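Participant: Structure in structure tokens, see below.
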Amino acid sequence: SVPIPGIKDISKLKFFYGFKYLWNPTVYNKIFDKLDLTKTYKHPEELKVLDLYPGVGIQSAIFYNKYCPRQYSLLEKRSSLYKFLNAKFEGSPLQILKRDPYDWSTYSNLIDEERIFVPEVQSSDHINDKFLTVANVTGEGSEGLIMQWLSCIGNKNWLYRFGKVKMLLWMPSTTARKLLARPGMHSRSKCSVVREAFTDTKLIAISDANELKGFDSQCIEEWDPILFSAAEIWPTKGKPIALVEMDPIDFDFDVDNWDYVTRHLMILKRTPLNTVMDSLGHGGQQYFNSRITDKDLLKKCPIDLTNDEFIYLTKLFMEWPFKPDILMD
Amino acid sequence: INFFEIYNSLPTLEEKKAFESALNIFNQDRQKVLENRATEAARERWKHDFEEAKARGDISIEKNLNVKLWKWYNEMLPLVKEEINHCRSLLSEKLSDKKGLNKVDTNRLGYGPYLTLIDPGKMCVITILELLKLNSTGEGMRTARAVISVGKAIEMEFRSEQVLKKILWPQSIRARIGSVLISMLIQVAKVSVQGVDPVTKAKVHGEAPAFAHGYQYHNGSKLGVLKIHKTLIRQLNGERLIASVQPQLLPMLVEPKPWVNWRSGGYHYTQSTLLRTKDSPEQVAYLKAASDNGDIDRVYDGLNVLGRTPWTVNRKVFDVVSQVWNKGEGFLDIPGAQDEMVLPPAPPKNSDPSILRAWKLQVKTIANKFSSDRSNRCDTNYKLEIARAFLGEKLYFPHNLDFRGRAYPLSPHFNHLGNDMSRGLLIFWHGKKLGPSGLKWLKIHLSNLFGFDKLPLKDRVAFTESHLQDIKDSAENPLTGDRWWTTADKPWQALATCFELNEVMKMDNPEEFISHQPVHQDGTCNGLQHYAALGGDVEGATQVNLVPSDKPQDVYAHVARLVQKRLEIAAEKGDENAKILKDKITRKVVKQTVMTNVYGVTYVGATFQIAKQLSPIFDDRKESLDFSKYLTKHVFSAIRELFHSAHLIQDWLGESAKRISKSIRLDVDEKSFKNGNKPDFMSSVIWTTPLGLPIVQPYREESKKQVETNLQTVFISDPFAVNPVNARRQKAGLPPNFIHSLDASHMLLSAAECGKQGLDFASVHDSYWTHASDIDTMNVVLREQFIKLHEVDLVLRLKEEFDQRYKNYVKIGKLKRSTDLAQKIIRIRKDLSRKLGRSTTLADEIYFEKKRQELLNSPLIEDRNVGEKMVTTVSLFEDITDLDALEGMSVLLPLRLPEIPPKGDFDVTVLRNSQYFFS
RNA sequence: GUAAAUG
DNA sequence: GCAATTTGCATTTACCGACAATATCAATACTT
DNA sequence: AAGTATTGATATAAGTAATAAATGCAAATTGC
Ligand SMILES: *O[C@H]1[C@@H](O)[C@H](n2cnc3c(=O)[nH]c(N)nc32)O[C@@H]1COP(=O)(O)OP(=O)(O)OP(=O)(O)O
């Protein structure tokens with residue numbers, strides 16, 4: 001009973017800040033059918049969903065009319081978009097909130113003291129069953145916020161103190177390639193490493209067909225992205241748009257040391273590990289050459305290193321008697 | 001022992017001269033010791049300490065720092081010798097058939113000669129010296145200069161070794177050699193450090209390398225640091241043994257070596273260049289060509305006279321300065337000792353983000369004030385330490401020139417171009433009889449030191465006579481009294497002159513008195529004076545005191561009156577800023593603006609200066625930027641409505657600079673530049689000063705490109721690769737450069753003539769300093785030299801020089817296709833394109849023009865006939881008188897500069913009788 | 001980059 | 001032609017949220 | 001045809017954000 005905004009209604013909007021939205025109920029229902037969000041969340045009523053950068057609100061309206069959660073939250077700052085949301089969704093059971101998702105204090109206030117939005121806490125053993133987050137960070141400038149949330153996954157401070165929370169994330173098509181890079185690929189970086197360490201991802205959708213050549217084929221065939229044409233997004237000037245599913249997983253290592261090791265190793269992503277150990281500290285090359293008894297790891301490049309090998313290197317760095325203080329940074 | 005008091009005690013000039021010769025002979029050795037460079041003494045000290053430690057058999061690391069350095073040198077030497085062996089192997093072979101080898105020989109020729117032994121000294125000292133150089137401590141230094149500084153130090157060693165017997169080293173070569181040598185040092189740098197095992201918590205002993213490469217991330221950009229081990233950090237900090245090789249520049253103790261060549265002069269054992277060229281090859285090439293031709297002898301003489309005057313420190317003023325410094329709190333200029341920065345109380349996090357950012361800005365303001373006070377305290381402490389060290393000695397000051405020609409001292413810490421304290425702590429070494437006129441000139445100097453230089457000479461002397469009682473009281477009690485000198489415009493020079501005049505008045509006969517204090521003679525708005533002299537504008541000449549008169553007109557007072565009138569009419573309408581600023585506009589608040597308007601200070605600089613003068617009043621204390629910008633707008637309106645003859649010359653110079661910066665050589669550009677359609681501009685505005693110094697403006701587009709080095713790829717810019725000129729910079733910088741070159745030329749002529757006459761001459765840009773007895777002779781010399789400089793038409797000579805040097809140049813420009821003149825250009829291009837068989841381009845047109853010039857310039861008579869028969873793009877324009885009137889395809893245009901603006905009538909000789917022209 | 005000094 | 005748009009004299013000193021960014025990869029260019 | 005080399009682009013990290021609103025200096029210069 002929530003009316004989806006019409007393409008003409010979006011057409012009247014003047015300021016988008018560079019955030020590409022989608023206005024196709026067909027594409028949304030296909031994506032939802034692929035995702036099968038009712039499997040993990042078998043109470044439609046008990047669900048409480050918080051959204052970031054909702055924008056036009058077509059996705060929010062479709063989600064509400066399909067699942068009917070207990071409380072749906074929209075966090076937007078744009079004046080024109082807020083006016084449009086209030087005008088179109090007046091009298092609706094949906095709740096409209098005016099804040100800034102960029103500001104850290106927003107969530108802390110909203111959950112801690114005024115408690116307009118009270119979430120629910122879950123154990124870390126299994127997937128959360130009450131709290132869901134759906135974000136849209138397709139704006140080209142704001143791609144750093146995605147890395148900030150990725151780090152917050154490990155730090156267990158932003159919203160993952162409630163448990164492991166599934167993220168439905170709209171991303172610029174280039175950031176999706178940066179994150180979802182298998183070892184050995186050209187687009188592998190510390191973003192890919194942290195993604196692999198903290199979450200498992202499945203590229204749900206992507207607009208441009210030619211872009212798919214930038215990923216790994218064996219992962220593409222299993223993921224089965226729901227491809228749609230580029231004319232389906234209202235601002236057609238921007239780069240293609242992708243969607244990913246972000247499920248946090250358990251991990252056992254010291255986050256600060258792992259971050260330091262990965263960051264100082266992937267500055268040189270093509271030099272063989274026979275020499276790049278020296279960048280970590282004084283005599284690091286000698287110490288790691290003495291400790292490591294595997295020739296294959298001694299010859300592999302950091303771009304080809306897997307997360308298990310990085311964790312092993314972190315353990316050896318901890319075992320180093322003369323390790324420098326990472327906290328100086 | 002105190003040489004100054006010995007000199008004053010010696011009665012007769014004959015034994016004074018004998019004592020001077022003895023003092024010179026004695027201080028020769030001290031000067032050599034002071035200029036000594038620690039590239040051999042450091043090695044000898046390290047060897048001696050190593051041998052004594054080995055003989056003893058028991059030592060500790062704190063005193064074994066030199067032993068460790070000796071070990072590092074011993075381990076390094078074979079590797080650098082091996083590198084020299086590789087250099088000789090590659091260089092000796094005559095064959096030049098490279099087989100795709102990874103070996104690099106460009107640096108090899110650079111570091112072949114002498115780096116086999118002394119080099120480890122430089123690597124060790126420089127790497128140790130840059131300890132926390134660019135906040136790499138987070139210990140460590142940025143690799144950016146670490147390779148460069150090592151390379152630069154090596155180059156200086158070559159230059160310093162040559163004077164005792166590839167002139168400019170490329171940035172690429174310097175970075176390469178620095179990188180190679182630092183890598184070699186990193187290889188064999190070892191130190192022993194004890195650690196604790198994590199598993200068993202047991203102590204471990206294990207050597208580790210000293211210097212380690214690394215990278216850091218700052219806002220998403222790699223940086224490439226080079227760090228140092230904790231044990232070395234502790235040993236360096238706990239010993240304070242920097243042992244640097246380049247001594248800090250200090251005033252000399254011997255007469256400076258007279259300038260002979262552009263590279264010989266100044267310091268006795270340290271090389272210097274006649275121009276402060278910011279490593280630009282063109283300026284160095286032109287200067288070397290001029291020196292080889294030998295047409296700057298007058299410049300040499302002027303510099304010699306400027307540097308030949310001896311100085312000494314003023315003990316009486318230094319005592320007061322030391323007392324105030326030891327008190328250590330706020331004074332006239334000394335900010336005082338701020339022990340610790342106080343953190344302002346912060347509002348709670350529950351407060352509004354606007355309040356939080358207000359608190360953050362408050363903390364930023366406090367931190368900025370603390371840092372500024374810390375820096376000023378450090379500068380004052382350095383200056384006071386140098387003054388205390390040099391007190392009682394015989395100072396000297398060798399001088400140098402920037403690319404225009406203005407004279408600066410070679411010692412940047414303690415000189416007479418410093419602040420008021422710096423000028424006050426200095427007096428002339430020679431003592432000259434006051435004579436009949438010295439008393440009057442000293443009184444005038446005090447009168448215009450207080451800032452009352454807008455009054456005639458008799459009124460100034462009367463003011464000094466009125467305030468002689470306060471002079472005596474202040475000189476008797478510098479502190480614990482009325483502190484009258486504190487109210488002066490320049491308190492420290494005022495205090496020194498107060499001491500001087502009090503000692504004079506205590507004497508019965510002032511004429512017999514022997515004075516040392518210099519006397520300041522200055523001109524007002526030297527830029528306006530030079531523009532008036534160039535344009536022959538009587539209307540401005542009478543305004544800025546060129547024409548003889550009895551009342552000294554004040555341009556600052558006139559513009560202050562105009563600004564007051566503007567603010568009055570604005571306050572009548574009812575502007576709040578007008579009400580606030582209407583009555584508080586003074587001479588000083590616009591002095592800098594009007595003085596530097598000729599200098600080319602833009603709107604932002606004007607606002608900064610006017611706010612700087614507004615702040616001490618504290619009338620607008622919190623923030624005066626809006627008042628500053630409004631007042632600058634009004635002051636600019638006043639200056640525009642006041643000056644027109646200056647502006648005509650300024651506009652002509654700027655527009656000619658633009659046309660030069662948009663020019664194309666006929667011959668050099670014939671070679672393909674990988675662009676074809678769009679040419680690159682490689683010509684810079686060049687002219688010769690009346691003295692003979694050739695000026696080459698260095699403004700160019702400098703682009704940083706990664707250069708390949710052993711350690712990493714360093715992101716630097718190599719100026720040796722020529723680049724397109726920065727047309728906007730050249731256009732905005734030609735007028736002030738021309739005026740400052742004229743100022744320097746007048747300085748050097750006046751200094752040469754005064755030195756010939758036997759005066760002691762010291763100059764700070766416009767102001768010229770001399771003993772009180774020689775002021776009249778210096779004034780006569782100055783007026784004569786100004787007449788000699790401006791007798792000829794300098795702007796006309798400049799235009800002639802441009803047209804003679806830039807004869808065979810062409811300009812690019814866009815013209816409408818509908819023009820019938822452009823139609824004939826297409827007609828000629830149609831034949832031209834067909835003959836070559838391809839499409840005609842601008843490069844082809846320039847090649848055709850060069851071919852025509854080849855036929856025209858050939859001395860053979862038969863060759864000239866073909867040139868006239870050959871018609872090209874530039875051939876069409878040989879008949880068009882006014883190119884601007886004629887001015888859609890881009891077509892070639894000949895380079896024709898506009899004829900000089902109309903020259904008014906003014907006999908410059910008339911200023912010879914003027915007395916307020918320069919005072 | 002910030003501040004200061006000089007012209 | 002048209003809109004926007006990014007700076008604007010010389011020299012010296014001190015200080016810093018920090019000052020010239022670096023690694024790698026492909027596209028064009030050149031040489032044999 | 002075989003190659004090899006010099007040039008140019010892009011990412012890197014992650015709270016001095018982004019975008020639009022805001023504002024101001026104007027002007028000589030730089031995009032279309
Ligand atoms: O505009 C400057 C600035 O961004 C940066 N920079 C250079 N030196 C410093 C420094 O000491 N501290 C800080 N915080 N930032 C610095 O580099 C830019 C380029 O500098 P310039 O091209 O103006 O050249 P230079 O280093 O000679 O400038 P300056 O130090 O004389 O002002």
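Simple scheme: letters A, B, ... for chains in structure tokens order, numbers from 1 for residues in each chain, numbers from 1 for ligands in the order shown.
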Please, which residues of range 813-846 of chain B, numbered as in this document, come out helix (DSSP H, G or I) from DSSP, as a list in words?
Facilitator: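 Those in range 813-846 of chain B that DSSP calls helix (DSSP H, G or I) are residues 820, 821, 822, 823, 824, 825, 826, 827, 828, 829, 830, 831, 832, 833, 834, 835, 836, 842, 843, 844, 845 and 846 of chain B.
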Participant: Write a file of the just-selected residues containing N, CA, C and O atoms, as an mmCIF file, in the first residue's frame.
Facilitator:
```cif
data_model
loop_
_atom_site.group_PDB
_atom_site.id
_atom_site.type_symbol
_atom_site.label_atom_id
_atom_site.label_comp_id
_atom_site.auth_asym_id
_atom_site.auth_seq_id
_atom_site.Cartn_x
_atom_site.Cartn_y
_atom_site.Cartn_z
ATOM 1 N N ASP B 820 40.153 39.618 -46.454
ATOM 2 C CA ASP B 820 40.770 39.466 -47.767
ATOM 3 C C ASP B 820 42.266 39.220 -47.651
ATOM 4 O O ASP B 820 42.849 38.526 -48.493
ATOM 5 N N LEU B 821 42.904 39.782 -46.622
ATOM 6 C CA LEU B 821 44.315 39.500 -46.384
ATOM 7 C C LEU B 821 44.532 38.027 -46.073
ATOM 8 O O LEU B 821 45.495 37.416 -46.553
ATOM 9 N N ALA B 822 43.644 37.436 -45.270
ATOM 10 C CA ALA B 822 43.741 36.012 -44.978
ATOM 11 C C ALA B 822 43.521 35.166 -46.224
ATOM 12 O O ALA B 822 44.046 34.050 -46.315
ATOM 13 N N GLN B 823 42.747 35.672 -47.186
ATOM 14 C CA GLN B 823 42.504 34.920 -48.413
ATOM 15 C C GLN B 823 43.796 34.702 -49.190
ATOM 16 O O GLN B 823 44.038 33.608 -49.712
ATOM 17 N N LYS B 824 44.639 35.733 -49.278
ATOM 18 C CA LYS B 824 45.919 35.576 -49.957
ATOM 19 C C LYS B 824 46.824 34.593 -49.225
ATOM 20 O O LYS B 824 47.624 33.895 -49.860
ATOM 21 N N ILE B 825 46.711 34.517 -47.898
ATOM 22 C CA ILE B 825 47.472 33.523 -47.149
ATOM 23 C C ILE B 825 47.059 32.119 -47.568
ATOM 24 O O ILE B 825 47.906 31.244 -47.780
ATOM 25 N N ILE B 826 45.753 31.885 -47.698
ATOM 26 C CA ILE B 826 45.274 30.591 -48.177
ATOM 27 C C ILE B 826 45.748 30.347 -49.602
ATOM 28 O O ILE B 826 46.076 29.216 -49.978
ATOM 29 N N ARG B 827 45.790 31.401 -50.420
ATOM 30 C CA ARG B 827 46.267 31.255 -51.791
ATOM 31 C C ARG B 827 47.714 30.776 -51.818
ATOM 32 O O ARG B 827 48.068 29.872 -52.582
ATOM 33 N N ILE B 828 48.563 31.375 -50.981
ATOM 34 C CA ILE B 828 49.967 30.975 -50.936
ATOM 35 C C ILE B 828 50.110 29.575 -50.349
ATOM 36 O O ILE B 828 50.956 28.787 -50.788
ATOM 37 N N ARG B 829 49.290 29.243 -49.349
ATOM 38 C CA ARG B 829 49.351 27.913 -48.754
ATOM 39 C C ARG B 829 48.898 26.834 -49.730
ATOM 40 O O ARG B 829 49.391 25.702 -49.670
ATOM 41 N N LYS B 830 47.965 27.162 -50.627
ATOM 42 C CA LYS B 830 47.500 26.184 -51.605
ATOM 43 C C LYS B 830 48.630 25.752 -52.528
ATOM 44 O O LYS B 830 48.792 24.559 -52.808
ATOM 45 N N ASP B 831 49.421 26.710 -53.016
ATOM 46 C CA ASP B 831 50.603 26.356 -53.792
ATOM 47 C C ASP B 831 51.637 25.651 -52.924
ATOM 48 O O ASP B 831 52.254 24.671 -53.358
ATOM 49 N N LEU B 832 51.833 26.131 -51.695
ATOM 50 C CA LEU B 832 52.853 25.554 -50.825
ATOM 51 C C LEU B 832 52.547 24.099 -50.495
ATOM 52 O O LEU B 832 53.446 23.251 -50.507
ATOM 53 N N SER B 833 51.284 23.792 -50.195
ATOM 54 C CA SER B 833 50.918 22.421 -49.851
ATOM 55 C C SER B 833 51.110 21.481 -51.035
ATOM 56 O O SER B 833 51.557 20.341 -50.863
ATOM 57 N N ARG B 834 50.775 21.939 -52.244
ATOM 58 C CA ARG B 834 50.881 21.080 -53.418
ATOM 59 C C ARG B 834 52.332 20.745 -53.741
ATOM 60 O O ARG B 834 52.638 19.613 -54.132
ATOM 61 N N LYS B 835 53.238 21.715 -53.593
ATOM 62 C CA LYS B 835 54.634 21.480 -53.953
ATOM 63 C C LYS B 835 55.260 20.402 -53.077
ATOM 64 O O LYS B 835 55.999 19.544 -53.570
ATOM 65 N N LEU B 836 54.979 20.432 -51.774
ATOM 66 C CA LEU B 836 55.486 19.403 -50.879
ATOM 67 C C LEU B 836 54.746 18.082 -51.043
ATOM 68 O O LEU B 836 55.320 17.024 -50.761
ATOM 69 N N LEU B 842 51.452 24.763 -39.744
ATOM 70 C CA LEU B 842 52.210 25.890 -39.216
ATOM 71 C C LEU B 842 53.704 25.595 -39.220
ATOM 72 O O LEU B 842 54.520 26.488 -39.480
ATOM 73 N N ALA B 843 54.084 24.349 -38.933
ATOM 74 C CA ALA B 843 55.492 23.974 -39.003
ATOM 75 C C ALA B 843 56.026 24.110 -40.423
ATOM 76 O O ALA B 843 57.150 24.585 -40.630
ATOM 77 N N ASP B 844 55.234 23.700 -41.416
ATOM 78 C CA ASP B 844 55.649 23.866 -42.805
ATOM 79 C C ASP B 844 55.766 25.340 -43.171
ATOM 80 O O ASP B 844 56.679 25.736 -43.904
ATOM 81 N N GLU B 845 54.843 26.166 -42.675
ATOM 82 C CA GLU B 845 54.921 27.601 -42.933
ATOM 83 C C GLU B 845 56.184 28.201 -42.327
ATOM 84 O O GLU B 845 56.852 29.031 -42.956
ATOM 85 N N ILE B 846 56.529 27.789 -41.106
ATOM 86 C CA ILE B 846 57.751 28.273 -40.472
ATOM 87 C C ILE B 846 58.976 27.798 -41.240
ATOM 88 O O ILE B 846 59.961 28.533 -41.380
#
```
Participant: Would you list which chain E residues are within 7 Å of chain B using only C-alpha atoms (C1' of nucleotides), as a list in words?
Facilitator: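 Applying the cut-off to the listed atoms yields residues 12, 13 and 25 of chain E.
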Participant: Which residues of chain E are close to chain A, meaning at most 9 Å apart when you count only C-alpha atoms (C1' of nucleotides), and how do they look as number ranges by chain?
Facilitator: E: 12-15, 17-20
Participant: Restricting it to N, CA and C atoms (P, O5', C5', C4', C3', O3' and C1' of nucleotides), dump the selection as a compact mmCIF listing (two decimals), in the first residue's frame.
Facilitator:
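Result written to part.txt:
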```txt
# COMPACT_ATOMS: atom_id res chain seq x y z
P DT E 12 43.10 1.14 -4.89
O5' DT E 12 44.19 1.30 -3.74
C5' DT E 12 45.57 1.01 -4.02
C4' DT E 12 46.46 1.82 -3.11
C3' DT E 12 45.75 2.36 -1.86
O3' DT E 12 46.48 2.02 -0.68
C1' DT E 12 46.96 4.09 -2.97
P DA E 13 45.61 1.31 0.49
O5' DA E 13 45.35 2.49 1.52
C5' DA E 13 46.44 3.23 2.09
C4' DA E 13 45.94 4.29 3.05
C3' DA E 13 44.82 3.83 3.98
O3' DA E 13 44.94 4.48 5.25
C1' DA E 13 44.00 5.50 2.45
P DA E 14 44.30 3.84 6.59
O5' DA E 14 42.95 4.66 6.77
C5' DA E 14 42.97 6.09 6.98
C4' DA E 14 41.68 6.71 6.50
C3' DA E 14 40.41 6.12 7.11
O3' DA E 14 39.82 7.09 7.97
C1' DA E 14 40.19 6.48 4.74
P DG E 15 39.38 6.70 9.45
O5' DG E 15 39.30 8.10 10.19
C5' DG E 15 39.96 9.27 9.66
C4' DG E 15 39.02 10.02 8.74
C3' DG E 15 39.41 11.48 8.46
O3' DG E 15 39.82 11.58 7.10
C1' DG E 15 37.05 11.20 8.79
P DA E 17 37.12 16.74 5.58
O5' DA E 17 36.72 15.23 5.27
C5' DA E 17 37.38 14.48 4.23
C4' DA E 17 36.39 14.13 3.14
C3' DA E 17 36.16 15.24 2.11
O3' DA E 17 36.34 14.73 0.79
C1' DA E 17 34.08 14.41 2.94
P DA E 18 36.34 15.73 -0.46
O5' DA E 18 34.86 15.61 -1.02
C5' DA E 18 34.39 14.39 -1.61
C4' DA E 18 32.89 14.42 -1.73
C3' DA E 18 32.35 15.52 -2.64
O3' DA E 18 31.97 14.96 -3.90
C1' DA E 18 31.04 15.25 -0.61
P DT E 19 31.72 15.90 -5.21
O5' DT E 19 30.29 16.57 -4.93
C5' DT E 19 29.12 15.76 -4.94
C4' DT E 19 27.90 16.57 -4.57
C3' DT E 19 27.72 17.87 -5.35
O3' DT E 19 26.37 18.00 -5.78
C1' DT E 19 27.66 18.30 -3.03
P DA E 20 26.02 18.86 -7.10
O5' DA E 20 25.24 20.13 -6.53
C5' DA E 20 24.03 19.96 -5.80
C4' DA E 20 23.97 20.92 -4.63
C3' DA E 20 23.70 22.38 -5.00
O3' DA E 20 22.32 22.72 -4.75
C1' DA E 20 25.42 22.16 -3.32
```
Participant: As a quick test: using only C-alpha atoms (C1' of nucleotides) and all ligand atoms, which residues lie no more than 6 Å away from ligand 1? Give them as a list in words.
Facilitator: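 Those residues are residues 1 of chain C; 16, 18 and 19 of chain D.
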Participant: Can you spit out the residues from that selection as a PDB file, in the first residue's frame, using C-alpha atoms (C1' of nucleotides)?
Facilitator:
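Output saved as result30.pdb:
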```pdb
ATOM      1  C1'   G C   1      51.747  25.221   3.827  1.00  0.00           C
TER       2        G C   1
ATOM      3  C1'  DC D  16      54.585  22.062  10.608  1.00  0.00           C
ATOM      4  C1'  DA D  18      52.453  17.041   6.164  1.00  0.00           C
ATOM      5  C1'  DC D  19      55.132  18.173   2.186  1.00  0.00           C
TER       6       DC D  19
END
```
Participant: Quick check for you: according to DSSP on this backbone, which residues of range 140-257 of chain A are classed as strand (DSSP E or B)? Reply as a list in words.
Facilitator: residues 164, 167, 168, 169, 170, 171, 172, 199, 200, 201, 202, 203, 204, 205, 206, 226, 227, 233, 241, 242, 243, 244, 245, 246, 247 and 248 of chain A
Participant: Using only C-alpha atoms (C1' of nucleotides), select each residue of chain B with any atom at most 9 Å away from an atom of chain D, and give the selection as a ChimeraX atom specification.
Facilitator: /B:134-135,144-145,218,221-224,371-372,374-379,402,404,406,408,412-413,418,596,599-605,704,706,712-717,728-729,732-737,740
Participant: Could you make a table, as a Markdown table, of the residues of chain A that have an atom within 12 Å of an atom of chain B, each with its nearest atom pair and distance in Å to one decimal, counting only C-alpha atoms, in chain and number order?
Facilitator:
```
| residue | atom | partner | partner_atom | distance |
| --- | --- | --- | --- | --- |
| A:103 | CA | B:353 | CA | 10.8 |
| A:105 | CA | B:349 | CA | 10.0 |
| A:108 | CA | B:350 | CA | 12.0 |
| A:109 | CA | B:350 | CA | 10.2 |
| A:113 | CA | B:350 | CA | 11.3 |
| A:144 | CA | B:220 | CA | 10.7 |
| A:260 | CA | B:216 | CA | 11.1 |
| A:263 | CA | B:217 | CA | 9.3 |
| A:264 | CA | B:215 | CA | 7.4 |
| A:265 | CA | B:215 | CA | 9.9 |
| A:266 | CA | B:215 | CA | 10.8 |
| A:267 | CA | B:215 | CA | 7.7 |
| A:268 | CA | B:215 | CA | 9.7 |
| A:275 | CA | B:213 | CA | 11.8 |
| A:276 | CA | B:214 | CA | 10.1 |
| A:277 | CA | B:214 | CA | 10.6 |
| A:278 | CA | B:212 | CA | 7.5 |
| A:279 | CA | B:214 | CA | 5.1 |
| A:280 | CA | B:214 | CA | 7.4 |
| A:281 | CA | B:212 | CA | 6.8 |
| A:282 | CA | B:212 | CA | 5.7 |
| A:283 | CA | B:208 | CA | 5.6 |
| A:284 | CA | B:208 | CA | 9.1 |
| A:285 | CA | B:209 | CA | 10.6 |
| A:286 | CA | B:208 | CA | 9.3 |
| A:287 | CA | B:208 | CA | 9.9 |
| A:315 | CA | B:198 | CA | 11.7 |
| A:316 | CA | B:198 | CA | 11.3 |
| A:317 | CA | B:198 | CA | 11.0 |
| A:318 | CA | B:198 | CA | 8.1 |
| A:319 | CA | B:198 | CA | 6.5 |
| A:320 | CA | B:197 | CA | 7.7 |
| A:321 | CA | B:197 | CA | 4.9 |
| A:322 | CA | B:195 | CA | 5.8 |
| A:323 | CA | B:195 | CA | 9.1 |
| A:324 | CA | B:230 | CA | 9.6 |
| A:325 | CA | B:230 | CA | 11.3 |
| A:326 | CA | B:138 | CA | 10.9 |
| A:327 | CA | B:138 | CA | 10.1 |
| A:328 | CA | B:138 | CA | 6.4 |
| A:329 | CA | B:138 | CA | 6.4 |
```
Participant: Pick out the residues sitting within 9 Å of residue 126 in chain A, and hand them over as a short mmCIF file (atom, residue, chain, number, x, y, z; two decimals) with N, CA and C atoms, in the first residue's frame; count only C-alpha atoms (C1' of nucleotides), and ignore anything fewer than 4 positions along from it in its own chain.
Facilitator:
```cif
data_model
loop_
_atom_site.label_atom_id
_atom_site.label_comp_id
_atom_site.auth_asym_id
_atom_site.auth_seq_id
_atom_site.Cartn_x
_atom_site.Cartn_y
_atom_site.Cartn_z
N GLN A 122 22.27 -9.49 18.79
CA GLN A 122 22.32 -10.92 18.53
C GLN A 122 23.73 -11.43 18.79
N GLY A 163 25.99 -7.85 16.21
CA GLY A 163 26.20 -9.18 15.67
C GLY A 163 26.77 -9.08 14.26
N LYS A 164 26.54 -10.13 13.48
CA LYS A 164 26.89 -10.10 12.06
C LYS A 164 25.66 -9.67 11.27
#
```
Participant: Select, as a list in words, those residues of chain C with any atom no more than 7 Å from chain B (distances computed using only C-alpha atoms (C1' of nucleotides)).
Facilitator: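 Residues of chain C within 7 Å of chain B, counting only C-alpha atoms (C1' of nucleotides): residues 3, 5, 6 and 7 of chain C.
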Participant: I need the residues from that last selection saved to file as a PDB file, in the first residue's frame (with C-alpha atoms (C1' of nucleotides)), if you can.
Facilitator:
```
ATOM      1  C1'   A C   3      54.425  33.074  10.540  1.00  0.00           C
ATOM      2  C1'   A C   5      61.525  40.332   8.687  1.00  0.00           C
ATOM      3  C1'   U C   6      63.367  43.671   4.734  1.00  0.00           C
ATOM      4  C1'   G C   7      62.483  46.761   0.348  1.00  0.00           C
TER       5        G C   7
END
```
Participant: Would you kindly return, as a ChimeraX atom specification, each protein, DNA or RNA residue with an atom no farther than 10 Å from any atom of residue 62 in chain B, considering only C-alpha atoms (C1' of nucleotides) and excluding same-chain residues fewer than 4 positions away?
Facilitator: /B:66-67,232,234-236,238-239
